[PDB]
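Source file protein-v3.pdb; content: PDB, C-alpha atoms (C1' of nucleotides).
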```
ATOM      1  CA  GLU A  73       3.142 -54.369  16.474
ATOM      2  CA  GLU A  74       2.440 -50.743  15.556
ATOM      3  CA  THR A  75       3.544 -49.413  12.184
ATOM      4  CA  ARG A  76       4.115 -45.892  10.844
ATOM      5  CA  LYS A  77       4.827 -44.867   7.252
ATOM      6  CA  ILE A  78       5.797 -41.363   6.120
ATOM      7  CA  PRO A  79       6.234 -40.350   2.444
ATOM      8  CA  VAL A  80       9.401 -38.626   1.240
ATOM      9  CA  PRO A  81       9.452 -36.202  -1.717
ATOM     10  CA  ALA A  82      12.094 -36.310  -4.422
ATOM     11  CA  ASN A  83      13.899 -33.161  -3.259
ATOM     12  CA  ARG A  84      14.110 -34.592   0.278
ATOM     13  CA  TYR A  85      15.804 -37.824  -0.841
ATOM     14  CA  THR A  86      19.434 -36.658  -0.946
ATOM     15  CA  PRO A  87      19.261 -34.922   2.498
ATOM     16  CA  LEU A  88      17.733 -38.163   3.773
ATOM     17  CA  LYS A  89      20.819 -39.954   2.444
ATOM     18  CA  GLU A  90      23.356 -37.535   3.915
ATOM     19  CA  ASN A  91      21.657 -37.411   7.348
ATOM     20  CA  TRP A  92      20.541 -41.039   7.700
ATOM     21  CA  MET A  93      23.094 -41.887  10.406
ATOM     22  CA  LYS A  94      21.939 -39.218  12.877
ATOM     23  CA  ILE A  95      18.383 -40.276  12.066
ATOM     24  CA  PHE A  96      18.506 -43.942  12.998
ATOM     25  CA  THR A  97      21.013 -43.658  15.864
ATOM     26  CA  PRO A  98      18.597 -41.626  18.075
ATOM     27  CA  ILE A  99      15.810 -44.091  17.269
ATOM     28  CA  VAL A 100      17.379 -47.508  17.897
ATOM     29  CA  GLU A 101      19.745 -46.604  20.744
ATOM     30  CA  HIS A 102      17.904 -44.612  23.414
ATOM     31  CA  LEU A 103      14.387 -44.883  21.984
ATOM     32  CA  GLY A 104      14.327 -48.436  20.613
ATOM     33  CA  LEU A 105      12.299 -48.792  17.416
ATOM     34  CA  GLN A 106      12.790 -50.438  14.033
ATOM     35  CA  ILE A 107      13.670 -48.167  11.103
ATOM     36  CA  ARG A 108      13.890 -48.670   7.380
ATOM     37  CA  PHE A 109      13.629 -46.739   4.122
ATOM     38  CA  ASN A 110      11.030 -48.440   1.911
ATOM     39  CA  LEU A 111      12.837 -47.722  -1.324
ATOM     40  CA  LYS A 112      10.188 -48.949  -3.770
ATOM     41  CA  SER A 113       7.384 -46.735  -2.446
ATOM     42  CA  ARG A 114       9.824 -44.138  -1.013
ATOM     43  CA  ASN A 115       8.460 -44.257   2.516
ATOM     44  CA  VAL A 116       9.981 -44.138   5.987
ATOM     45  CA  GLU A 117       8.943 -47.228   7.952
ATOM     46  CA  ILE A 118       8.670 -47.306  11.755
ATOM     47  CA  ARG A 119       7.887 -50.509  13.636
ATOM     48  CA  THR A 120       7.861 -51.630  17.242
ATOM     49  CA  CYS A 121       9.946 -54.477  18.664
ATOM     50  CA  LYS A 122      10.188 -56.370  21.945
ATOM     51  CA  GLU A 123      12.540 -53.615  23.172
ATOM     52  CA  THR A 124       9.907 -50.855  23.355
ATOM     53  CA  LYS A 125       8.838 -48.912  26.427
ATOM     54  CA  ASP A 126       7.200 -45.469  26.728
ATOM     55  CA  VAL A 127       4.968 -46.076  23.708
ATOM     56  CA  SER A 128       4.266 -42.366  23.096
ATOM     57  CA  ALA A 129       7.858 -41.977  21.850
ATOM     58  CA  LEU A 130       6.669 -44.144  18.951
ATOM     59  CA  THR A 131       4.380 -41.319  17.836
ATOM     60  CA  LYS A 132       7.152 -38.845  18.680
ATOM     61  CA  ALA A 133       9.539 -40.818  16.471
ATOM     62  CA  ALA A 134       7.148 -40.397  13.539
ATOM     63  CA  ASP A 135       6.992 -36.632  14.035
ATOM     64  CA  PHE A 136      10.793 -36.777  14.325
ATOM     65  CA  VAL A 137      11.357 -37.791  10.746
ATOM     66  CA  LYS A 138       8.298 -35.830   9.624
ATOM     67  CA  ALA A 139      10.118 -32.682  10.707
ATOM     68  CA  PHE A 140      13.054 -33.716   8.546
ATOM     69  CA  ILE A 141      10.614 -34.195   5.677
ATOM     70  CA  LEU A 142       9.253 -30.676   6.093
ATOM     71  CA  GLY A 143      12.680 -29.071   5.731
ATOM     72  CA  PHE A 144      13.806 -28.829   9.343
ATOM     73  CA  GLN A 145      17.337 -29.627  10.427
ATOM     74  CA  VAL A 146      18.262 -32.845  12.201
ATOM     75  CA  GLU A 147      18.940 -31.246  15.599
ATOM     76  CA  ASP A 148      15.523 -29.571  15.686
ATOM     77  CA  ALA A 149      13.972 -32.971  15.037
ATOM     78  CA  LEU A 150      16.056 -34.260  17.956
ATOM     79  CA  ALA A 151      14.422 -31.432  19.897
ATOM     80  CA  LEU A 152      11.105 -33.047  18.993
ATOM     81  CA  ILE A 153      12.511 -36.303  20.389
ATOM     82  CA  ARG A 154      13.879 -34.936  23.682
ATOM     83  CA  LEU A 155      11.130 -32.508  24.641
ATOM     84  CA  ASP A 156       7.552 -33.533  25.370
ATOM     85  CA  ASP A 157       5.621 -30.389  24.333
ATOM     86  CA  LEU A 158       6.988 -29.261  20.960
ATOM     87  CA  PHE A 159       4.613 -28.740  18.042
ATOM     88  CA  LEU A 160       4.401 -27.989  14.323
ATOM     89  CA  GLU A 161       2.143 -25.270  12.946
ATOM     90  CA  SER A 162       1.909 -24.731   9.216
ATOM     91  CA  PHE A 163       0.176 -22.217   6.976
ATOM     92  CA  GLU A 164       0.510 -20.816   3.482
ATOM     93  CA  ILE A 165       1.503 -17.213   2.827
ATOM     94  CA  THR A 166      -1.632 -16.757   0.732
ATOM     95  CA  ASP A 167      -3.818 -18.271   3.479
ATOM     96  CA  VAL A 168      -3.728 -14.903   5.261
ATOM     97  CA  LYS A 169      -3.690 -12.489   2.291
ATOM     98  CA  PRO A 170      -4.126 -12.915  -1.472
ATOM     99  CA  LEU A 171      -0.751 -12.068  -3.010
ATOM    100  CA  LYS A 172      -0.046 -12.966  -6.628
ATOM    101  CA  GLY A 173       3.152 -12.953  -8.625
ATOM    102  CA  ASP A 174       6.024 -10.723  -7.581
ATOM    103  CA  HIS A 175       4.192  -9.569  -4.439
ATOM    104  CA  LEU A 176       4.275 -13.144  -3.124
ATOM    105  CA  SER A 177       8.025 -13.367  -3.707
ATOM    106  CA  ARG A 178       8.486 -10.015  -1.972
ATOM    107  CA  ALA A 179       6.509 -11.344   1.011
ATOM    108  CA  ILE A 180       8.861 -14.341   1.070
ATOM    109  CA  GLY A 181      11.810 -11.950   1.055
ATOM    110  CA  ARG A 182      10.361  -9.972   3.950
ATOM    111  CA  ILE A 183       9.986 -13.145   6.012
ATOM    112  CA  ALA A 184      13.521 -14.231   5.173
ATOM    113  CA  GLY A 185      15.197 -10.833   5.235
ATOM    114  CA  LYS A 186      18.578 -10.005   3.768
ATOM    115  CA  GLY A 187      21.078 -12.768   4.473
ATOM    116  CA  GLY A 188      18.298 -14.646   6.239
ATOM    117  CA  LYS A 189      18.941 -12.401   9.237
ATOM    118  CA  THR A 190      15.338 -11.340   9.880
ATOM    119  CA  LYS A 191      14.141 -14.944   9.939
ATOM    120  CA  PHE A 192      17.202 -15.853  12.013
ATOM    121  CA  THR A 193      16.379 -13.114  14.512
ATOM    122  CA  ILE A 194      12.897 -14.469  15.157
ATOM    123  CA  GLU A 195      14.271 -17.841  16.271
ATOM    124  CA  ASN A 196      16.608 -16.162  18.772
ATOM    125  CA  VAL A 197      13.579 -14.190  19.885
ATOM    126  CA  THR A 198      10.961 -16.891  19.975
ATOM    127  CA  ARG A 199      12.933 -20.147  20.567
ATOM    128  CA  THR A 200      11.123 -21.637  17.557
ATOM    129  CA  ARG A 201      12.329 -22.835  14.177
ATOM    130  CA  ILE A 202      10.958 -21.742  10.804
ATOM    131  CA  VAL A 203      10.957 -23.493   7.422
ATOM    132  CA  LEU A 204      10.199 -21.320   4.397
ATOM    133  CA  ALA A 205       9.020 -23.609   1.615
ATOM    134  CA  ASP A 206       7.867 -22.405  -1.803
ATOM    135  CA  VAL A 207       4.573 -21.027  -0.439
ATOM    136  CA  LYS A 208       4.195 -22.882   2.879
ATOM    137  CA  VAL A 209       5.583 -21.714   6.226
ATOM    138  CA  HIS A 210       6.280 -24.210   9.019
ATOM    139  CA  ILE A 211       6.859 -23.207  12.653
ATOM    140  CA  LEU A 212       8.293 -25.508  15.326
ATOM    141  CA  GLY A 213       7.926 -24.696  19.003
ATOM    142  CA  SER A 214       5.666 -24.473  22.011
ATOM    143  CA  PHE A 215       2.167 -23.060  21.643
ATOM    144  CA  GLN A 216       2.828 -19.531  22.923
ATOM    145  CA  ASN A 217       6.098 -19.381  20.984
ATOM    146  CA  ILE A 218       4.246 -20.583  17.869
ATOM    147  CA  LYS A 219       1.671 -17.822  18.419
ATOM    148  CA  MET A 220       4.355 -15.158  18.828
ATOM    149  CA  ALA A 221       6.377 -16.229  15.774
ATOM    150  CA  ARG A 222       3.183 -16.543  13.716
ATOM    151  CA  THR A 223       2.141 -13.003  14.646
ATOM    152  CA  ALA A 224       5.615 -11.714  13.752
ATOM    153  CA  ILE A 225       5.449 -13.472  10.369
ATOM    154  CA  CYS A 226       1.911 -12.255   9.622
ATOM    155  CA  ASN A 227       2.930  -8.671  10.368
ATOM    156  CA  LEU A 228       6.022  -9.138   8.191
ATOM    157  CA  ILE A 229       3.765 -10.020   5.266
ATOM    158  CA  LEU A 230       1.074  -7.389   5.993
ATOM    159  CA  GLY A 231       3.503  -4.890   4.523
ATOM    160  CA  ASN A 232       5.103  -3.740   7.760
ATOM    161  CA  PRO A 233       8.816  -2.933   7.328
ATOM    162  CA  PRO A 234      11.160  -5.627   8.664
ATOM    163  CA  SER A 235      12.927  -3.058  10.854
ATOM    164  CA  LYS A 236       9.731  -2.286  12.781
ATOM    165  CA  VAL A 237       8.999  -5.992  13.195
ATOM    166  CA  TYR A 238      12.604  -6.492  14.356
ATOM    167  CA  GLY A 239      12.296  -3.840  17.057
ATOM    168  CA  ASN A 240       8.851  -4.853  18.284
ATOM    169  CA  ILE A 241       9.730  -8.550  18.342
ATOM    170  CA  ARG A 242      12.807  -7.773  20.426
ATOM    171  CA  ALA A 243      10.518  -5.822  22.766
ATOM    172  CA  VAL A 244       7.717  -8.425  23.115
ATOM    173  CA  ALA A 245      10.246 -11.217  23.842
ATOM    174  CA  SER A 246      10.622 -10.012  27.453
ATOM    175  CA  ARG A 247       7.345 -11.400  28.810
TER     176      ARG A 247
ATOM    177  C1'   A B   1     -29.824  78.759 -60.438
ATOM    178  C1'   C B   2     -31.569  73.070 -62.077
ATOM    179  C1'   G B   3     -28.682  68.732 -62.458
ATOM    180  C1'   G B   4     -24.494  65.320 -62.124
ATOM    181  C1'   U B   5     -19.840  63.940 -59.791
ATOM    182  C1'   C B   6     -15.929  63.713 -55.906
ATOM    183  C1'   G B   7     -16.851  64.205 -51.020
ATOM    184  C1'   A B   8     -15.319  66.044 -45.910
ATOM    185  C1'   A B   9     -18.658  66.263 -42.117
ATOM    186  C1'   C B  10     -23.576  66.103 -39.346
ATOM    187  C1'   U B  11     -28.142  63.384 -37.189
ATOM    188  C1'   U B  12     -30.436  58.903 -35.668
ATOM    189  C1'   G B  13     -30.280  53.608 -34.356
ATOM    190  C1'   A B  14     -27.130  48.772 -33.600
ATOM    191  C1'   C B  15     -22.170  46.188 -32.592
ATOM    192  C1'   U B  16     -17.955  47.636 -30.218
ATOM    193  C1'   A B  17     -13.762  49.942 -27.397
ATOM    194  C1'   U B  18     -11.874  53.909 -24.422
ATOM    195  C1'   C B  19     -11.826  58.110 -20.961
ATOM    196  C1'   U B  20     -14.006  59.970 -16.810
ATOM    197  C1'   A B  21     -18.153  60.770 -12.346
ATOM    198  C1'   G B  22     -20.011  57.187  -9.501
ATOM    199  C1'   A B  23     -24.310  55.485  -4.659
ATOM    200  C1'   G B  24     -23.792  50.635  -3.328
ATOM    201  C1'   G B  25     -21.114  45.541  -2.676
ATOM    202  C1'   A B  26     -17.784  41.677  -2.007
ATOM    203  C1'   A B  27     -11.767  40.452  -0.518
ATOM    204  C1'   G B  28      -6.810  41.191   1.657
ATOM    205  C1'   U B  29      -3.535  43.907   5.071
ATOM    206  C1'   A B  30      -2.378  46.709   9.925
ATOM    207  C1'   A B  31      -4.366  48.469  14.658
ATOM    208  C1'   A B  32      -8.688  45.399  19.055
ATOM    209  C1'   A B  33      -4.476  39.753  24.432
ATOM    210  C1'   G B  34     -12.356  43.041  24.138
ATOM    211  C1'   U B  35     -16.425  38.025  23.497
ATOM    212  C1'   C B  36     -17.426  32.744  23.502
ATOM    213  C1'   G B  37     -15.143  27.215  23.767
ATOM    214  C1'   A B  38      -5.465  16.193  16.098
ATOM    215  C1'   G B  39      -2.185  12.869  13.923
ATOM    216  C1'   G B  40       0.788   9.812   9.801
ATOM    217  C1'   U B  41       5.492   7.129  10.009
ATOM    218  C1'   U B  42       5.677   0.837   3.855
ATOM    219  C1'   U B  43       4.898   4.066  -0.356
ATOM    220  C1'   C B  44       1.441   4.649  -4.053
ATOM    221  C1'   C B  45      -2.165   4.463  -8.941
ATOM    222  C1'   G B  46      -7.339   4.302 -11.055
ATOM    223  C1'   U B  47     -12.264   4.316  -9.304
ATOM    224  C1'   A B  48     -16.701   4.525  -5.669
ATOM    225  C1'   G B  49     -18.514   5.536  -0.721
ATOM    226  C1'   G B  50     -18.011   7.482   4.306
ATOM    227  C1'   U B  51     -19.890  15.269   5.660
ATOM    228  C1'   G B  52     -16.011  19.478   1.445
ATOM    229  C1'   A B  53     -10.600  18.694   2.510
ATOM    230  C1'   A B  54      -8.034  15.196   5.387
ATOM    231  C1'   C B  55      -7.857  10.248   6.364
ATOM    232  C1'   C B  56     -10.523   5.498   6.455
ATOM    233  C1'   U B  57     -12.912   1.610   3.510
ATOM    234  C1'   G B  58     -14.581  -2.051  -0.995
ATOM    235  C1'   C B  59     -12.333  -3.864  -6.105
ATOM    236  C1'   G B  60      -8.253  -4.071  -9.562
ATOM    237  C1'   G B  61      -3.043  -2.833 -10.502
ATOM    238  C1'   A B  62       2.511  -1.395  -9.129
ATOM    239  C1'   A B  63       7.588  -1.678  -6.315
ATOM    240  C1'   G B  64       9.465   3.288  -6.988
ATOM    241  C1'   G B  65       9.670  -2.783  -0.600
ATOM    242  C1'   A B  66      15.159  -6.458   2.820
ATOM    243  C1'   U B  67      15.689 -14.283  -0.941
ATOM    244  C1'   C B  68      17.354 -17.546   3.975
ATOM    245  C1'   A B  69      17.490 -23.224   3.216
ATOM    246  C1'   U B  70      16.448 -27.993   0.450
ATOM    247  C1'   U B  71      16.331 -28.710  -4.689
ATOM    248  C1'   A B  72      18.726 -33.955 -11.910
ATOM    249  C1'   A B  73      18.771 -39.645 -11.328
ATOM    250  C1'   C B  74      19.616 -43.348  -7.803
ATOM    251  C1'   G B  75      11.099 -46.773  -7.343
ATOM    252  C1'   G B  76       8.681 -47.461 -12.242
TER     253        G B  76
END
```

Is it possible to give me this structure as structure tokens?
Amino acid sequence: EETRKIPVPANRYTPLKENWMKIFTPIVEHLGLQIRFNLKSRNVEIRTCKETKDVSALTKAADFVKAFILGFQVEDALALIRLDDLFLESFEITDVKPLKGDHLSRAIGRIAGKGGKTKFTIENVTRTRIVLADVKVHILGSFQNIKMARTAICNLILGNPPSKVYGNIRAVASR
RNA sequence: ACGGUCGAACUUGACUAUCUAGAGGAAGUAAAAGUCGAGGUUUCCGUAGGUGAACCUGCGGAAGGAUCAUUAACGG
């Protein structure tokens, strides 16, 4: 029997409560694993049973709930379940340029854009998903889509205006 | 006429300022269609370098630049 454990932070506990149903129903029904929430250590516990085939889904199942730990929505984690080549790439905003204080918050605002729209646009361009943590940035998609969204984000935090990045990312999407 | 006093004014030098005569020199403008062969587009500030400027680059600073989403406890 193979076992997976994934830690949950404190701020991810309440969303884990309100989205638990749509977390275990994709696992036990059409994927067939054993789920529980280890409440003492605050871990997510994955085990095999006698009803397991296609063992790789096991690993996929782990990444499933790991996406929900990182801040992603439930349906995007289902997209990790359904598809076979869908990856996570993560980097800090300061890992590409040293920004301190208000400049770092302004870089966050340039990634997000007013109303979120800029960030929103990049998903409709790149068929990825993006989580903006406190300093971290997480990208969910295929490898070329990850590369394209990562380049768009890095240019957004170089100092390039979000309008220019909007136009050029609409242009580069057509290849 | 000796002397004293007040003292214009004169001569010579310095320091000044003006008026005039000036060879010569360096600029601009008009006449010469004679001759030879850019680029930036986030914006800056203080420094130092890259050929003066321009722009680029190293360090430090600014916004006078477009914040979406989760987010007390519910283990000890």

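Nearest residue to chain B, choosing from A:165, A:151, A:82, A:160 and counting all atoms listed in the file: A:82.
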
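In this comparison, which uses all atoms listed in the file, the residue of A:91, A:79, A:132, A:198 approaching residue 110 of chain A most closely is A:79.
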
> When distances are computed from all atoms listed in the file, which of B:57, B:42, B:18, B:47 shows the smallest separation from chain A?
Replying inline: B:42

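Coordinates place atom CA of residue 131 of chain A at a distance of 25.1 Å from atom CA of residue 222 of chain A.
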
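The set of protein, DNA and RNA residues with any counted atom at most 10 Å from (6.2, -1.3, -2.7) (only C-alpha atoms (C1' of nucleotides)) reads residues 175, 178 and 231 of chain A; 42, 43, 44, 62, 63, 64 and 65 of chain B.
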
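Nearest-residue note for residue 80 of chain A: choosing from A:228, A:105, A:209, A:142, the minimum distance belongs to A:142, counting only C-alpha atoms.
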
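The space separating atom CA of residue 186 of chain A from atom CA of residue 238 of chain A comes to 12.7 Å.
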
>> On this structure, the PyMOL selection byres ((chain A) within 8 of (chain B)) would catch which residues? List them as an MDAnalysis selection string, sorted by chain and number.
In response: chainID A and resid 83:84 87 111:114 143 178 180:182 184:189 191 203:204 231:234

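The gap separating atom CA of residue 212 of chain A from atom CA of residue 116 of chain A is 20.9 Å, in Å to one decimal.
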
Working from the structure I just supplied, which lacks atoms in segment 216-235 of chain A, can you model N, CA and C atoms there and output them as a short mmCIF file (atom, residue, chain, number, x, y, z; two decimals), in the frame of the given file?
```
data_model
loop_
_atom_site.label_atom_id
_atom_site.label_comp_id
_atom_site.auth_asym_id
_atom_site.auth_seq_id
_atom_site.Cartn_x
_atom_site.Cartn_y
_atom_site.Cartn_z
N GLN A 216 2.70 -20.98 22.82
CA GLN A 216 2.83 -19.53 22.92
C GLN A 216 3.93 -19.01 22.01
N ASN A 217 5.02 -19.76 21.89
CA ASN A 217 6.10 -19.38 20.98
C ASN A 217 5.65 -19.46 19.53
N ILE A 218 4.84 -20.47 19.20
CA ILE A 218 4.25 -20.58 17.87
C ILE A 218 3.36 -19.38 17.59
N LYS A 219 2.55 -18.98 18.57
CA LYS A 219 1.67 -17.82 18.42
C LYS A 219 2.47 -16.55 18.18
N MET A 220 3.55 -16.37 18.94
CA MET A 220 4.36 -15.16 18.83
C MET A 220 5.07 -15.09 17.48
N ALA A 221 5.69 -16.20 17.06
CA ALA A 221 6.38 -16.23 15.77
C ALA A 221 5.40 -16.07 14.62
N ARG A 222 4.21 -16.67 14.74
CA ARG A 222 3.18 -16.54 13.72
C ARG A 222 2.70 -15.11 13.58
N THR A 223 2.53 -14.41 14.70
CA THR A 223 2.14 -13.00 14.65
C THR A 223 3.24 -12.15 14.02
N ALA A 224 4.50 -12.43 14.36
CA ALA A 224 5.62 -11.71 13.75
C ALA A 224 5.66 -11.92 12.24
N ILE A 225 5.45 -13.16 11.80
CA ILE A 225 5.45 -13.47 10.37
C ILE A 225 4.29 -12.79 9.66
N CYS A 226 3.08 -12.86 10.24
CA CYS A 226 1.91 -12.26 9.62
C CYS A 226 2.07 -10.75 9.49
N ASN A 227 2.66 -10.10 10.49
CA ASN A 227 2.93 -8.67 10.37
C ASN A 227 4.02 -8.40 9.34
N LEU A 228 4.98 -9.31 9.20
CA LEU A 228 6.02 -9.14 8.19
C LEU A 228 5.44 -9.18 6.78
N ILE A 229 4.38 -9.94 6.59
CA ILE A 229 3.76 -10.02 5.27
C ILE A 229 2.54 -9.13 5.08
N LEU A 230 2.00 -8.52 6.15
CA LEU A 230 1.07 -7.39 5.99
C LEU A 230 1.62 -6.28 5.12
N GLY A 231 2.92 -6.02 5.20
CA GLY A 231 3.50 -4.89 4.52
C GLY A 231 4.34 -4.08 5.48
N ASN A 232 4.31 -4.44 6.76
CA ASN A 232 5.10 -3.74 7.76
C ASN A 232 6.59 -3.90 7.45
N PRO A 233 7.38 -2.84 7.60
CA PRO A 233 8.82 -2.93 7.33
C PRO A 233 9.49 -3.91 8.27
N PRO A 234 10.50 -4.64 7.80
CA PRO A 234 11.16 -5.63 8.66
C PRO A 234 11.91 -5.01 9.83
N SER A 235 12.27 -3.73 9.74
CA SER A 235 12.93 -3.06 10.85
C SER A 235 11.97 -2.86 12.02
#
```
